[PDB]
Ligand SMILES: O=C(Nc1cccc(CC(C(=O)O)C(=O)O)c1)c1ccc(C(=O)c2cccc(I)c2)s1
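Single chain ahead, by itself, as C-alpha cells, in the form deposited without the named molecule.
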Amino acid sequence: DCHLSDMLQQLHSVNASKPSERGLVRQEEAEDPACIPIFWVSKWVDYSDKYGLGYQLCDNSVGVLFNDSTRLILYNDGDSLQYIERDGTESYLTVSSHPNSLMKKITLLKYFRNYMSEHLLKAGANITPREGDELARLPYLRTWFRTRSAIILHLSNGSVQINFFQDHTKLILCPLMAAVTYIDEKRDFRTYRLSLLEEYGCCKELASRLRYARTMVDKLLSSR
C-alpha cells in the first residue's frame, strides 16, 4: 500500500536537509493544526508474555493485538467489534451477538479496557482530534515493538507513533498528511508539515526525534 515507503521518503528528505543546522530556525512557521491526526494511541499495556498488547485510541475505542497475530477492536459505542485474522481478513460483529469462538478474546479485551481506565493517563487528552473524512474507518494496530528508549506503534491507516520513555515525549507521523505531531515533556502538542520543517527548520530536540523515527521506520520496513 506504500504508506511506510512514503513515510521513509518524507523523513529522508527532511532529515537530509539537516533541519536543526540553519541560520534561523522558525519551527513555528511549519505549524499546521489542520493536519492534526484523527487517531493516536492514548494508552497501552504490554502483556505480550501471554495475552498480547492492549491499547486505547484517542476516541476511547480500544484494541488488542494478540499473540496469535490476530486483533480485536471495540468501537467507542461499547458493542461494535471488528475482528481481524492473521491474513488481514475482517469481520464485523457485536458483543451482543455472541459468537462463542471469540468470547475469551472479548473477555480479555474488556479486561484491558478496564485496566486502562482505572490505571492510566490519556495521552493527548488536551487535543481535539481532526474530524475524519467521510465513512471514516477505525484503524487497528498492524505492528509494534519496543527498544529501550521507546515504543513504536504502526496503525493500519499508515500512521506510526513513537512514545519515548525517558521524558514522556511522543511523535505521531502521518504519511497521508505528510505531517508529524510532537508532544512535549510538558504535554504541549504541535502538528507540523514535514515539507515546511524542511523549509524553516526545527530545534535540535525534534531533529533528533525525526532521525530516530527514520531508523525506526526502516526497521518496520525490514519486517517485510
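Sequential numbering from 1, following the sequence displayed.
One more form of this protein exists, namely the form deposited with the named molecule bound; it is left out here, but the text below deals with it.
In the bound PDB entry, at least one heavy atom of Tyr115 sits within 4.5 Å of a heavy atom of the named molecule.
In the bound PDB entry, the named molecule stays beyond 4.5 Å of every heavy atom belonging to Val95. In the bound PDB entry, none of the heavy atoms of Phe145 sits within 4.5 Å of a heavy atom of the named molecule.
Judged against the named molecule in the bound PDB entry with a 4.5 angstroms heavy atom cut-off, the residues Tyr83, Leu138 and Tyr140 are out of contact without exception.
The candidate stretches are 193-201, 47-55, 152-160, 24-32, and the one lying within 4.5 Å of the named molecule in the bound PDB entry by heavy atoms is 47-55. Heavy atoms closer than or equal to 4.5 Å to the named molecule in the bound PDB entry belong, across 72-111, to the residues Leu108, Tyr111, ordered by sequence position.
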